[PDB]
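Enquirer: Sharing an experimental structure here, sequence included.
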Amino acid sequence: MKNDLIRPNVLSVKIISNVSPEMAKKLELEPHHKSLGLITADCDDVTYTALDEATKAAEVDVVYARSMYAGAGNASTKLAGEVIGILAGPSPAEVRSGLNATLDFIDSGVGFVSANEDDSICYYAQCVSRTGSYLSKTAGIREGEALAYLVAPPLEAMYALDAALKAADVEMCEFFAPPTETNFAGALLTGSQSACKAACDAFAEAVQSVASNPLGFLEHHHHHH
Amino acid sequence: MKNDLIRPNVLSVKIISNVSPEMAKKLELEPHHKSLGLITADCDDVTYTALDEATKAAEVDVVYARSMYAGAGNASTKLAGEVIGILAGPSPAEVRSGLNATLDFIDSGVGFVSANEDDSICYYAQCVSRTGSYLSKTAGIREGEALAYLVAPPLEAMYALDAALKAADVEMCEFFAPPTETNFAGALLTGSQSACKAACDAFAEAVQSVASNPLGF
Amino acid sequence: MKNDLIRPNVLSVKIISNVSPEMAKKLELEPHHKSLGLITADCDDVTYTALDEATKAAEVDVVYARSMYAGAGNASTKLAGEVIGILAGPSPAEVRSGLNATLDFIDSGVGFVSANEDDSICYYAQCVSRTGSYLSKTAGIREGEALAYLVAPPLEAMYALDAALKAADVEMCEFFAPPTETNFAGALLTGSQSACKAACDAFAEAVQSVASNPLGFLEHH
Ligand code: NA
Ligand code: NA
C-alpha cells in the first residue's frame, strides 16, 4: 500500500580472483584491477547506491553497472534480476570487503517506496549524504558531496523532477532519460544536504500526486470533446 | 478477432508550466518552449501519429517521444504504458490545446488492427494525408507531404513492407529496424496520398497472409 | 531438470523472391542479393548458429540478425519470438536451400541446457567446429576456424567466461556485454576444436556451480 517500502533483494554474488587478461581488456580495467566482485539484484538503483557505498568501505572501484531490459518482474532467469554490478580491486580480500558492504547496504532499509494501494507505482527519493567514488564520478561532483537520487516511471519522473528543481537549491548533474532499460527515468541532483533532502521530499510528493490523479486533465480541460 | 480494432488507451496526462531551466537544457528546448504537455499511453505508434496531428492543431512542437522496452503488456508500473510524449509551447493554453488534439486523435478510431482470432498478431497501416512538423522530421521529408505509417511484428513487417513497396510508387523514408523498443518493425513511406493508401492496403493484406500461414515458404 | 535440453522452436519462415530496391537500400544489400529468406524463432543464439550453418550449405549471406528485448517469454505477439534472421541469396531456390539447412540445424539437438531443477537458469555452450561466413565475420577470424559460443545470464556468464578462459587454450573474440537484448551475456572464443570444446565444458561446469551456490563468495581465493 501507499508509503510501503518495497524490499530489494540480492540474487547472486561471486568473486573472480586473478581476472584473465582477455576479460580485463573487454571490461577496460586498470592495471591494478586484479580481482572482480560480481553482484545481481532485483532493484537496480538501490544496487547502484550500494555499490557507491562499497567504494567508501574498501579499496574497490565500480567498473561495470548495467540494468536489465524491462526490469526484474520480466526477468526470464532466476539470477538476472534487473541489475549487474562489478567491483574491481587489487586483491580478493578487498573485493570481498566491498561486496560485504554492498550487501549490507542493500539490506539496510533503503528501497523504492509505493505510491498507491497495489504498489503498481513506485519511486526512489534517496538522499546520498556523502557520495563515494562511483556516484560522484557519475554526477561529475567532488567525492563526499551530497546527491538527491530521484527515480520514478517516465511521466511521473518528468513532472516530479520539475517540482524538485523548483523546490530546492539544487543543480542538475545527470538526467536518466525515459526509458532507461527498466522503463524508469529521473536524475541525480546536487547541492547541500538540506537542499538534496528538500528535493527528495518534493520529488516524492509530486510522484504521489500523479499517482493519485493521473487523468485530472480530462475533466478540467478535455470536457465537451 | 481478425479485423478488430485494438483500442488505444491514454494512461496519464500532465502539464509543466515555466519549465525549469535545468530541465529545458536536458530536453534541448528552444527559448519559446516555456510549457510542456506530457502524455503516456499503451500504444506508441498511434500516439506518435496523434502528437504529429497536435502540431497542426496548436502552436506546439513534439520535443520528446520514446517507446518503452518490451511494450505495454510488459509494463511494470501502471502509467508507463509503452510511450511517453512531450509537447512544448509558449503557454499552458497552447500545450493544453495540443494535448486536447492528441487525445481527440487517439480516440478517433485509428489503431492497430488484429490479424487473427486471439489478436496475437496486429498491425498499423495508417495513411497520414498531411504531415505535421513531427513525422515530417522523423521521415526526413518536406512538411505537409503524405506518409504511409506501417508497423507490424518483425517478420510480418519485413514481408509486408516488400509487398507495400511493390504495390505503389512510394519511397522508404524511415525504416523501423527490428526490434524497435516494443519489438515491432515497419517504416514510414512517402508518395502521393493515393500511393500511400495503396501501400497501406497492400501492407495490411500481406500481414494477414503471414498470420494465416506463418511457416509456409 | 538439470542437464535437460531446452528445445528451440521456429515460429515463422518466409521468402521474398525479388527484393524491392527501396528495401535493398535500407538493409544495405549488395547487388547480387536478389532473394531474402526470413525466419523467427524462440531461441536467438541457436538461430544465429543455424544461420551460420546455412552459409556453409548454400550460397547465402546472413544480412540481418537481431534479438528481441526481454526474450521470447515476454513476446507480445505470436511470431516475434526472440530473434529475426534474414538470409540473402541469388534466387529463391538457393534461399530455400539455406532456410532448410537453418531449420535442420535448429532441430538437430543443439540448444540451451538447464542448470537447475525448474530450468530457471540455462546456458549455451556450443562448439562450432568450422565457422561459416557469418560467425567468422562476427568473431573476426578466418572462415572455417572454430568457436566456443558461450551464453548465460549476466553474472553466471561473467563468472563462467573467466573459468572457460583459464581452463582452455582459447582467445577472446567477441564479448556479449550484459545485457544483450534478451538479458543474457557471454562471448565467442576461438582456438582449436579441442580447446573450444574444453572451454564449453568449463563454461557449463561454472554456470552449474553458480546455480548450485548463487550467494557464496567467502571461500579462500
Ligand atoms: Na512479461
Ligand atoms: Na587459456
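Expert: Nice, thanks for sending it over. Numbers count the residues shown, from 1 in each chain, chains lettered A, B, ... in the order given. Ligands and ions are numbered 1, 2, ... in the order given.

Enquirer: In terms of helices and strands, where is the residue nearest the centre of chain A?
Expert: The residue lying closest to the centre of chain A (Cα atoms, centre = their mean) is residue A:45, at 1.9 Å. Per DSSP states H and E: residue A:45 is located in helix A:44-57.

Enquirer: How about the contacts made by the residue nearest to the centre of chain A?
Expert: Taking Cβ atoms under 8 Å, 6 or more residues apart in numbering or on different chains, we find residue A:45 in contact with A:112, A:124, A:126, A:149, A:151, A:184. From N, CA and C alone the C-beta is placed, and that goes for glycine too.

Enquirer: again with residue A:163
Expert: So residue A:163 contacts A:202, A:203, A:205, A:206 (Cβ under 8 Å, 6+ apart).

Enquirer: mind checking the backbone torsions on residue A:160?
Expert: Note on residue A:160: backbone dihedrals following degrees, to the nearest 10 are phi -80, psi -30.

Enquirer: Look at it and say how many residues are nearby.
Expert: Residues near residue A:160, counting by other Cβ atoms under 10 Å in any protein chain shown, number 29.

Enquirer: Need the nearest residue in space to it, chain neighbours excluded.
Expert: Counting by Cβ to Cβ, 6 or more residues apart in numbering or on different chains, residue A:160 lies nearest to residue A:206, which is 3.5 Å off, once chain neighbours are set aside.

Enquirer: Neighbours of the one you found, how many?
Expert: Neighbours of residue A:206 (other Cβ under 10 Å): 26.

Enquirer: related to what we said a few turns ago, in the contacts of residue A:163, find the pair that's most separated.
Expert: Spanning the widest gap among these are A:203 and A:205, at 7.4 Å by Cβ to Cβ.

Enquirer: which residues do these two both contact?
Expert: When Cβ under 8 Å, 6+ apart defines a contact, the residues bordering residue A:203 and residue A:205 alike are A:160, A:163.

Enquirer: who's more crowded, those two?
Expert: More crowded of residue A:203 and residue A:205, by other Cβ under 10 Å: residue A:203, with 33 against 14.

Enquirer: got the contact list for the one helix or strand the more buried one maps to?
Expert: Per DSSP H and E, residue A:203 falls inside helix A:193-212. With Cβ under 8 Å, 6+ apart as the test, helix A:193-212 has contacts from A:2, A:113, A:115-116, A:121, A:123, A:125-129, A:146-148, A:150, A:152, A:155-157, A:159-170, A:189-191, B:12, B:14, B:78-79.

Enquirer: ok and that helix relative to strand B:10-16, angle-wise?
Expert: Inter-element angle recorded for helix A:193-212 and strand B:10-16: 140 degrees (by axes from the mean of the first three to the mean of the last three Cα atoms, to 10 degrees).

Enquirer: Which positions within helix A:193-212 qualify as buried?
Expert: Under the neighbour-count criterion of 16 or more other Cβ atoms under 10 Å in any protein chain shown, helix A:193-212 has A:195-204, A:206-211 buried.

Enquirer: Same check on stretch A:129-148?
Expert: Buried-residue list, stretch A:129-148, by 16+ other Cβ under 10 Å: A:131-136, A:138-139, A:141, A:145-148.

Enquirer: quick one: it to chain centroid distance?
Expert: 13 Å (Cα atoms, centre = their mean, to the nearest Å).

Enquirer: and what of stretch A:96-116?
Expert: With Cα atoms, centre = their mean, you get 10 Å for stretch A:96-116.

Enquirer: Could you list the residues of chain A in contact with chain B?
Expert: A:69-74, A:116, A:120-122, A:153-156, A:158-159, A:161-162, A:165-166, A:171-172, A:175, A:177-179, A:181-183, A:210-211, A:214-215, A:217-218, A:221-222, A:225 (Cβ under 8 Å from any Cβ of the partner chain).

Enquirer: Show me the residues you listed that map onto helices.
Expert: Under the assignment DSSP state H, these contribute A:154-156, A:158-159, A:161-162, A:165-166, A:210-211, A:217-218, A:221 to helices.

Enquirer: Which one of the residues you listed is nearest to ligand 1?
Expert: Checking these against ligand 1 with Cβ to the ion, the nearest one is residue A:154 at 17.9 Å.

Enquirer: ok, back up a step: pull out the buried members of the residues of chain A next to chain B.
Expert: Those of the residues of chain A next to chain B that meet the buried threshold are A:69-72, A:74, A:116, A:120-122, A:153-156, A:158-159, A:161-162, A:165-166, A:172, A:175, A:177-179, A:181-183, A:210-211, A:214, A:217, A:221-222, by 16+ other Cβ under 10 Å.

Enquirer: give me the subset of the residues you listed touching ligand 1.
Expert: residue A:74 (Cβ under 5 Å from the ion).

Enquirer: Please enumerate the strands of chain A.
Expert: A:5-6, A:10-16, A:35-41, A:61-67, A:83-89, A:112-114, A:122-128, A:146-152, A:171-176, A:185-191 (DSSP state E).

Enquirer: Contacts for the last one, please.
Expert: When contacts are defined by Cβ under 8 Å, 6+ apart, strand A:185-191 is touched by residues A:124, A:135, A:138-139, A:141, A:145-154, A:157-158, A:161, A:164-165, A:168-179, A:196, A:199.

Enquirer: Ends of stretch A:112-128, what's the gap?
Expert: Using Cα to Cα, to the nearest Å, the end-to-end distance of stretch A:112-128 comes to 14 Å.

Enquirer: How far off centre is that stretch?
Expert: Taking Cα atoms, centre = their mean, one finds the center of stretch A:112-128 at 13 Å from the center of the full chain.

Enquirer: Name the residues of that stretch that come out as buried.
Expert: A:112-116, A:119-128.

Enquirer: Where does chain A get nearest to ligand 1, residue-wise?
Expert: Counting by Cβ to the ion, chain A gets nearest ligand 1 through residue A:74, at 4.3 Å.

Enquirer: Spit out the contact partners of that residue.
Expert: By Cβ under 8 Å, 6+ apart, the residues touching residue A:74 are B:70, B:74, B:76, C:70, C:74.

Enquirer: Quickly note the distance from residue A:104 to chain B.
Expert: 27 Å (Cβ to the nearest Cβ, to the nearest Å).

Enquirer: Kindly tell me how buried that residue is, as a neighbour count.
Expert: Residues lying near residue A:104 (other Cβ under 10 Å) number 13.

Enquirer: Residue A:220 now?
Expert: Using other Cβ under 10 Å as the criterion, residue A:220 is surrounded by 9 other residues.

Enquirer: what's the answer for residue A:2, then?
Expert: Residue A:2: 14 surrounding residues under other Cβ under 10 Å.

Enquirer: surely it meets residue A:116?
Expert: Yes. Contact status for residue A:2 versus residue A:116: in contact at 5.6 Å, counting by Cβ atoms under 8 Å.

Enquirer: Contact residues of chain A facing ligand 1?
Expert: Applying Cβ under 5 Å from the ion, we find that chain A lies next to ligand 1 at residue A:74.

Enquirer: residues touching the residue located most distally from the centre of chain A, list them.
Expert: Largest separation from the mean C-alpha position in chain A: residue A:224, at 43.0 Å (Cα atoms, centre = their mean). Going by Cβ under 8 Å, 6+ apart, residue A:224 touches no other residue.

Enquirer: Phi and psi next, for it.
Expert: Torsion angles at residue A:224 (phi, psi; degrees, to the nearest 10) stand at phi 60, psi 30.

Enquirer: For chain A, what lies in contact range of chain C?
Expert: Within chain A, the residues that sit near chain C (Cβ under 8 Å from any Cβ) are A:10-17, A:19-20, A:22-23, A:25-26, A:35-40, A:66-70, A:74-80, A:84, A:86, A:92, A:96, A:99, A:181.

Enquirer: Please repeat the previous calculation with a cut-off of 7 Å.
Expert: Within chain A, the positions near chain C by Cβ under 7 Å from any Cβ of the partner chain are A:11-17, A:19-20, A:22-23, A:26, A:38, A:40, A:66, A:68-70, A:74-80, A:84, A:92, A:96, A:99, A:181.

Enquirer: sorry, back to before: what is the most widely separated pair among the buried residues of stretch A:112-128?
Expert: A:120 and A:128 (26.6 Å).
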